[PDB]
Amino acid sequence: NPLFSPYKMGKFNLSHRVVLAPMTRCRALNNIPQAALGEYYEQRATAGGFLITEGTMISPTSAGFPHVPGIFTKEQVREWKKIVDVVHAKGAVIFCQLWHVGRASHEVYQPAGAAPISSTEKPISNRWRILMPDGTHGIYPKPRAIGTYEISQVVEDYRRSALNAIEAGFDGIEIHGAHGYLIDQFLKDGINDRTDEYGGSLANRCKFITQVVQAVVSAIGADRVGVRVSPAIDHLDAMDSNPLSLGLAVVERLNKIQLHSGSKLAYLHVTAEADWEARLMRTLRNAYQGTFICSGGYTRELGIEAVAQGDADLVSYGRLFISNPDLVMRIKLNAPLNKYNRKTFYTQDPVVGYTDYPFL
Ligand SMILES: NC(=O)[C@H]1C=CCN([C@@H]2O[C@H](COP(=O)(O)OP(=O)(O)OC[C@H]3O[C@@H](n4cnc5c(N)ncnc54)[C@H](OP(=O)(O)O)[C@@H]3O)[C@@H](O)[C@H]2O)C1
Ligand SMILES: Cc1cc2nc3c(=O)[nH]c(=O)nc-3n(C[C@H](O)[C@H](O)[C@H](O)COP(=O)(O)O)c2cc1C
């Protein structure tokens with residue numbers, strides 16, 4: 001089984017290649033990491049295994065989901081510390097995903113009911129609806145197009161949050177630049193309609209993610225920084241006219257950051273449509289100089305084939321890891337997997353649909 005050959009991700013020598021994909025679960029009540037999160041990540045931590053946390057707020061304006069964890073307050077750092085200690089006691093590596101939703105928010109998630117921020121004033125179309133705190137669905141409002149000065153302020157929010165994650169004990173951070181959120185709102189030309197130095201060409205549309213990565217690289221080191229992108233996922237109106245060219249453009253900037261800093265990034269994480277000429281996943285893998293994590297609709301057989309054929313170094317699993325706390329062990333034994341319940345993906349109960357999925 002190639003999924004269980006060791007792999008060196010930076011200075012972390014992983015003993016297997018099954019990765020916990022970042023997944024918002026909405027159990028960190030009032031943006032404070034609860035003890036249920038520690039129980040949740042502990043059930044899934046393995047000796048030498050790599051875990052990536054749910055999307056985590058970098059600022060009071062970065063949330064678009066209810067009760068998502070933050071890492072911008074001193075209290076959030078202290079509560080994260082207890083979760084990382086429990087995970088590290090299992091011998092696992094854990095990264096915190098820094099997540100800014102951009103225009104994918106609502107007045108109920110913003111301080112003083114203010115409008116969300118984005119690269120543009122165009123809202124997400126009415127075809128998509130946002131989950132509300134009370135379980136209903138609402139309307140995405142018109143965002144506020146920020147200037148270049150506020151762009152640098154948001155970049156500083158990524159930097160301070162990356163330092164707070166290291167202070168909390170995290171082995172590193174992952175930059176969430178996928179799924180049509182703030183960073184994706186600058187990348188995709190279907191959203192970015194700016195005429196300044198952040199819009200138009202591929203270089204201008206890649207400038208934001210370049211500066212975000214450069215900030216966290218300079219703060220905590222490149223080998224503790226991961227980057228996640230999804231050039232060919234149209235979630236929340238995140239369309240690009242040439243997703244293959246955009247992904248290669250982002251990879252080019254990542255290779256250039258690694259040569260300037262003289263050190264390799266932790267990994268490049270690429271997720272795609274789970275319902276899958278060579279794939280875009282392999283093309284981006286061939287272009288990137290470093291560790292590659294494939295994501296999207298992978299199974300035990302597909303994950304084994306991806307590492308064996310050289311398509312990826314690590315394979316992250318999402319929905320299967322929700323319902324299988326010992327997913328790594330079940331993949332090793334080829335044991336049958338549990339079904340997951342979508343109804344409790346974003347509910348608030350600290351046990352129901354969160355930690356009560358049975359082990360093997
Ligand atoms: N922080 C993050 O980055 C994560 C947060 C959100 C989810 N996640 C990714 O995002 C996409 C969307 O997946 P999903 O199936 O949950 O899309 P949904 O439409 O929201 O699924 C909810 C259900 O609600 C149904 N449903 C029913 N009506 C609707 C309407 N009007 N709009 C949206 N969804 C609706 C819908 O049925 P559909 O497959 O679209 O025909 C769906 O089955 C996927 O690639 C996830 O991995 C990323
Ligand atoms: C409930 C749920 C929450 C998710 N939350 C995040 C998230 O916070 N950040 C992120 O980058 N991806 C998130 N994802 C997407 C997954 O990390 C991953 O890209 C995708 O689910 C892989 O598909 P798979 O379940 O077949 O492995 C989420 C997916 C689901 C179903």
# chains A, B, ... in the order shown; residues from 1 in each chain; ligands from 1
>>> residues_around(residues="stretch 247-257 of chain A", least_positions_apart="5", cutoff="7 Å", atoms="only C-alpha atoms", output="ChimeraX atom specification")
/A:202,206,210,231,284,287-289
>>> residues_near_ligand(ligand="ligand 2", cutoff="6 Å", atoms="only C-alpha atoms and all ligand atoms", output="PyMOL selection string")
chain A and resi 21-24+54-55+176+271+274+295-298+317-320+345
>>> write_last_selection(atoms="C-alpha atoms", output="compact mmCIF listing (two decimals), in the first residue's frame")
# COMPACT_ATOMS: atom_id res chain seq x y z
CA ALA A 21 -9.02 17.81 4.64
CA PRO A 22 -10.10 21.13 6.19
CA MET A 23 -13.81 21.00 6.98
CA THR A 24 -16.04 23.62 8.58
CA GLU A 54 -11.54 23.80 9.65
CA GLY A 55 -11.38 27.29 8.19
CA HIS A 176 -7.42 29.04 2.12
CA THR A 271 -9.11 20.43 -4.69
CA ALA A 274 -15.62 15.26 -6.70
CA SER A 295 -8.29 16.54 -3.02
CA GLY A 296 -11.80 15.88 -4.28
CA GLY A 297 -13.80 12.67 -4.40
CA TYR A 298 -10.88 10.38 -3.57
CA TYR A 317 -10.16 13.09 2.49
CA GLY A 318 -13.17 15.22 3.38
CA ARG A 319 -16.64 13.76 3.89
CA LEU A 320 -15.36 10.23 4.54
CA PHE A 345 -22.46 19.00 8.80
>>> closest_residue(among="A:207, A:81, A:179, A:44", to="ligand 1", atoms="only C-alpha atoms and all ligand atoms")
A:179
>>> closest_residue(among="A:244, A:203, A:45, A:94", to="residue A:224", atoms="only C-alpha atoms")
A:94
>>> residues_around(residues="residue A:96", least_positions_apart="2", cutoff="12 Å", atoms="only C-alpha atoms", output="count of residues only")
48
>>> closest_residue(among="A:105, A:323, A:348, A:46", to="residue A:131", atoms="only C-alpha atoms")
A:105
>>> residues_around(residues="residue A:343", least_positions_apart="3", cutoff="9 Å", atoms="only C-alpha atoms", output="JSON, numbers by chain")
{"A": [346, 347, 353]}
>>> write_last_selection(atoms="N, CA, C and O atoms", output="compact mmCIF listing (two decimals), in the first residue's frame")
# COMPACT_ATOMS: atom_id res chain seq x y z
N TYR A 346 -23.18 21.20 9.59
CA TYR A 346 -22.99 22.55 10.12
C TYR A 346 -23.87 22.82 11.34
O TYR A 346 -24.14 23.98 11.65
N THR A 347 -24.31 21.78 12.04
CA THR A 347 -25.06 21.98 13.26
C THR A 347 -24.11 22.26 14.43
O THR A 347 -22.89 22.18 14.30
N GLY A 353 -23.62 13.95 15.39
CA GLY A 353 -23.06 14.18 14.07
C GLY A 353 -21.67 14.78 14.07
O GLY A 353 -21.24 15.29 13.03
>>> select_by_dssp(residues="stretch 144-306 of chain A", states="strand (DSSP E)", output="list in words")
residues 144, 145, 172, 173, 174, 175, 176, 177, 225, 226, 227, 228, 229, 267, 268, 269, 270, 271, 292, 293, 294 and 295 of chain A
>>> write_last_selection(atoms="N, CA, C and O atoms", output="PDB file, in the first residue's frame")
ATOM      1  N   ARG A 144     -18.335  45.302  -0.360  1.00  0.00           N
ATOM      2  CA  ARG A 144     -17.630  46.570  -0.490  1.00  0.00           C
ATOM      3  C   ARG A 144     -16.264  46.308  -1.115  1.00  0.00           C
ATOM      4  O   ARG A 144     -15.464  45.544  -0.564  1.00  0.00           O
ATOM      5  N   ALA A 145     -16.005  46.933  -2.263  1.00  0.00           N
ATOM      6  CA  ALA A 145     -14.726  46.783  -2.948  1.00  0.00           C
ATOM      7  C   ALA A 145     -13.662  47.585  -2.210  1.00  0.00           C
ATOM      8  O   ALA A 145     -13.727  48.816  -2.160  1.00  0.00           O
ATOM      9  N   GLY A 172       1.879  24.563  11.584  1.00  0.00           N
ATOM     10  CA  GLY A 172       1.889  25.457  10.444  1.00  0.00           C
ATOM     11  C   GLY A 172       0.488  25.931  10.129  1.00  0.00           C
ATOM     12  O   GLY A 172      -0.463  25.658  10.867  1.00  0.00           O
ATOM     13  N   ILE A 173       0.371  26.655   9.019  1.00  0.00           N
ATOM     14  CA  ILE A 173      -0.910  27.178   8.565  1.00  0.00           C
ATOM     15  C   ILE A 173      -1.099  26.829   7.097  1.00  0.00           C
ATOM     16  O   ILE A 173      -0.135  26.618   6.356  1.00  0.00           O
ATOM     17  N   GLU A 174      -2.362  26.761   6.682  1.00  0.00           N
ATOM     18  CA  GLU A 174      -2.728  26.612   5.281  1.00  0.00           C
ATOM     19  C   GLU A 174      -3.514  27.839   4.846  1.00  0.00           C
ATOM     20  O   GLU A 174      -4.464  28.246   5.525  1.00  0.00           O
ATOM     21  N   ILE A 175      -3.113  28.427   3.723  1.00  0.00           N
ATOM     22  CA  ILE A 175      -3.789  29.599   3.177  1.00  0.00           C
ATOM     23  C   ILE A 175      -4.980  29.121   2.351  1.00  0.00           C
ATOM     24  O   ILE A 175      -4.810  28.491   1.304  1.00  0.00           O
ATOM     25  N   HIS A 176      -6.190  29.416   2.823  1.00  0.00           N
ATOM     26  CA  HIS A 176      -7.416  29.038   2.122  1.00  0.00           C
ATOM     27  C   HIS A 176      -7.634  30.015   0.975  1.00  0.00           C
ATOM     28  O   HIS A 176      -8.145  31.120   1.169  1.00  0.00           O
ATOM     29  N   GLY A 177      -7.249  29.608  -0.231  1.00  0.00           N
ATOM     30  CA  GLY A 177      -7.482  30.422  -1.407  1.00  0.00           C
ATOM     31  C   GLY A 177      -8.314  29.695  -2.441  1.00  0.00           C
ATOM     32  O   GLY A 177      -7.978  29.694  -3.629  1.00  0.00           O
ATOM     33  N   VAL A 225       3.986  26.671   5.796  1.00  0.00           N
ATOM     34  CA  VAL A 225       2.921  27.374   5.089  1.00  0.00           C
ATOM     35  C   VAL A 225       2.433  26.495   3.946  1.00  0.00           C
ATOM     36  O   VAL A 225       3.210  26.149   3.045  1.00  0.00           O
ATOM     37  N   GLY A 226       1.153  26.133   3.984  1.00  0.00           N
ATOM     38  CA  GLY A 226       0.515  25.453   2.874  1.00  0.00           C
ATOM     39  C   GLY A 226      -0.418  26.383   2.125  1.00  0.00           C
ATOM     40  O   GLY A 226      -0.870  27.390   2.678  1.00  0.00           O
ATOM     41  N   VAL A 227      -0.708  26.065   0.866  1.00  0.00           N
ATOM     42  CA  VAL A 227      -1.576  26.880   0.022  1.00  0.00           C
ATOM     43  C   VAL A 227      -2.598  25.969  -0.641  1.00  0.00           C
ATOM     44  O   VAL A 227      -2.229  24.962  -1.257  1.00  0.00           O
ATOM     45  N   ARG A 228      -3.876  26.323  -0.521  1.00  0.00           N
ATOM     46  CA  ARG A 228      -4.956  25.566  -1.137  1.00  0.00           C
ATOM     47  C   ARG A 228      -5.662  26.430  -2.171  1.00  0.00           C
ATOM     48  O   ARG A 228      -6.004  27.584  -1.892  1.00  0.00           O
ATOM     49  N   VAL A 229      -5.873  25.870  -3.366  1.00  0.00           N
ATOM     50  CA  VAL A 229      -6.559  26.558  -4.453  1.00  0.00           C
ATOM     51  C   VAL A 229      -7.505  25.581  -5.137  1.00  0.00           C
ATOM     52  O   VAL A 229      -7.400  24.362  -4.984  1.00  0.00           O
ATOM     53  N   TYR A 267       3.406  22.606   1.203  1.00  0.00           N
ATOM     54  CA  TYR A 267       2.743  21.838   0.158  1.00  0.00           C
ATOM     55  C   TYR A 267       1.888  22.780  -0.675  1.00  0.00           C
ATOM     56  O   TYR A 267       1.620  23.921  -0.290  1.00  0.00           O
ATOM     57  N   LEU A 268       1.463  22.279  -1.832  1.00  0.00           N
ATOM     58  CA  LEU A 268       0.401  22.886  -2.621  1.00  0.00           C
ATOM     59  C   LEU A 268      -0.801  21.955  -2.566  1.00  0.00           C
ATOM     60  O   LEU A 268      -0.682  20.765  -2.880  1.00  0.00           O
ATOM     61  N   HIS A 269      -1.943  22.485  -2.145  1.00  0.00           N
ATOM     62  CA  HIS A 269      -3.164  21.706  -1.985  1.00  0.00           C
ATOM     63  C   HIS A 269      -4.149  22.135  -3.063  1.00  0.00           C
ATOM     64  O   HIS A 269      -4.513  23.313  -3.143  1.00  0.00           O
ATOM     65  N   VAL A 270      -4.565  21.192  -3.902  1.00  0.00           N
ATOM     66  CA  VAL A 270      -5.474  21.476  -5.006  1.00  0.00           C
ATOM     67  C   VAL A 270      -6.682  20.564  -4.871  1.00  0.00           C
ATOM     68  O   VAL A 270      -6.545  19.335  -4.890  1.00  0.00           O
ATOM     69  N   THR A 271      -7.858  21.164  -4.738  1.00  0.00           N
ATOM     70  CA  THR A 271      -9.109  20.427  -4.689  1.00  0.00           C
ATOM     71  C   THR A 271      -9.897  20.682  -5.968  1.00  0.00           C
ATOM     72  O   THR A 271      -9.791  21.748  -6.582  1.00  0.00           O
ATOM     73  N   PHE A 292       2.729  17.990  -3.111  1.00  0.00           N
ATOM     74  CA  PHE A 292       1.423  18.202  -3.715  1.00  0.00           C
ATOM     75  C   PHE A 292       0.392  17.338  -3.002  1.00  0.00           C
ATOM     76  O   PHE A 292       0.635  16.150  -2.762  1.00  0.00           O
ATOM     77  N   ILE A 293      -0.753  17.932  -2.670  1.00  0.00           N
ATOM     78  CA  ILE A 293      -1.857  17.230  -2.023  1.00  0.00           C
ATOM     79  C   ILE A 293      -3.063  17.289  -2.947  1.00  0.00           C
ATOM     80  O   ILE A 293      -3.565  18.377  -3.251  1.00  0.00           O
ATOM     81  N   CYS A 294      -3.534  16.126  -3.386  1.00  0.00           N
ATOM     82  CA  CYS A 294      -4.722  16.053  -4.225  1.00  0.00           C
ATOM     83  C   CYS A 294      -5.962  15.892  -3.357  1.00  0.00           C
ATOM     84  O   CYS A 294      -5.932  15.238  -2.311  1.00  0.00           O
ATOM     85  N   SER A 295      -7.060  16.497  -3.804  1.00  0.00           N
ATOM     86  CA  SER A 295      -8.287  16.544  -3.023  1.00  0.00           C
ATOM     87  C   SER A 295      -9.493  16.557  -3.951  1.00  0.00           C
ATOM     88  O   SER A 295      -9.465  17.193  -5.008  1.00  0.00           O
TER      89      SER A 295
END
>>> closest_residue(among="A:156, A:240, A:184, A:75", to="ligand 1", atoms="only C-alpha atoms and all ligand atoms")
A:184
>>> closest_residue(among="A:4, A:181, A:109, A:140", to="ligand 1", atoms="only C-alpha atoms and all ligand atoms")
A:181
>>> closest_residue(among="A:27, A:260, A:78, A:282", to="residue A:39", atoms="only C-alpha atoms")
A:27
>>> residues_around(residues="residue A:311", least_positions_apart="3", cutoff="8 Å", atoms="only C-alpha atoms", output="list in words")
residues 281, 282, 285, 294, 306, 307 and 308 of chain A
>>> write_last_selection(atoms="N, CA and C atoms", output="mmCIF file, in the first residue's frame")
data_model
loop_
_atom_site.group_PDB
_atom_site.id
_atom_site.type_symbol
_atom_site.label_atom_id
_atom_site.label_comp_id
_atom_site.auth_asym_id
_atom_site.auth_seq_id
_atom_site.Cartn_x
_atom_site.Cartn_y
_atom_site.Cartn_z
ATOM 1 N N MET A 281 -5.395 18.404 -12.173
ATOM 2 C CA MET A 281 -4.660 18.064 -10.959
ATOM 3 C C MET A 281 -3.224 17.660 -11.274
ATOM 4 N N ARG A 282 -3.030 16.828 -12.302
ATOM 5 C CA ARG A 282 -1.682 16.376 -12.633
ATOM 6 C C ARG A 282 -0.862 17.492 -13.269
ATOM 7 N N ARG A 285 0.378 19.636 -10.576
ATOM 8 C CA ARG A 285 1.386 18.879 -9.840
ATOM 9 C C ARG A 285 2.720 18.889 -10.575
ATOM 10 N N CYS A 294 -3.534 16.126 -3.386
ATOM 11 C CA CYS A 294 -4.722 16.053 -4.225
ATOM 12 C C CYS A 294 -5.962 15.892 -3.357
ATOM 13 N N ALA A 306 -3.330 7.305 -6.904
ATOM 14 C CA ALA A 306 -2.748 8.634 -7.079
ATOM 15 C C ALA A 306 -1.298 8.677 -6.608
ATOM 16 N N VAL A 307 -0.995 8.030 -5.481
ATOM 17 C CA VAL A 307 0.377 8.027 -4.980
ATOM 18 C C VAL A 307 1.243 7.084 -5.805
ATOM 19 N N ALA A 308 0.673 5.959 -6.244
ATOM 20 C CA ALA A 308 1.438 4.990 -7.020
ATOM 21 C C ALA A 308 1.817 5.546 -8.388
#
>>> residues_around(residues="residue A:334", least_positions_apart="4", cutoff="12 Å", atoms="only C-alpha atoms", output="PDB file with C-alpha atoms, in the first residue's frame")
ATOM      1  CA  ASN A   1       0.000   0.000   0.000  1.00  0.00           C
ATOM      2  CA  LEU A   3      -0.563   5.351   1.021  1.00  0.00           C
ATOM      3  CA  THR A 299     -11.496   6.857  -2.279  1.00  0.00           C
ATOM      4  CA  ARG A 300      -9.199   4.120  -1.000  1.00  0.00           C
ATOM      5  CA  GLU A 301      -8.546   2.817  -4.518  1.00  0.00           C
ATOM      6  CA  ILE A 304      -3.713   4.404  -3.661  1.00  0.00           C
ATOM      7  CA  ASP A 326     -10.342   5.982  12.203  1.00  0.00           C
ATOM      8  CA  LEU A 327     -10.386   6.516   8.438  1.00  0.00           C
ATOM      9  CA  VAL A 328      -6.614   6.006   8.219  1.00  0.00           C
ATOM     10  CA  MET A 329      -6.945   2.591   9.865  1.00  0.00           C
ATOM     11  CA  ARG A 330      -9.920   1.571   7.712  1.00  0.00           C
ATOM     12  CA  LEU A 360     -14.012   0.098  14.010  1.00  0.00           C
TER      13      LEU A 360
END
>>> atom_distance(atom1="atom CA of residue A:152", atom2="atom CA of residue A:200")
18.9 Å
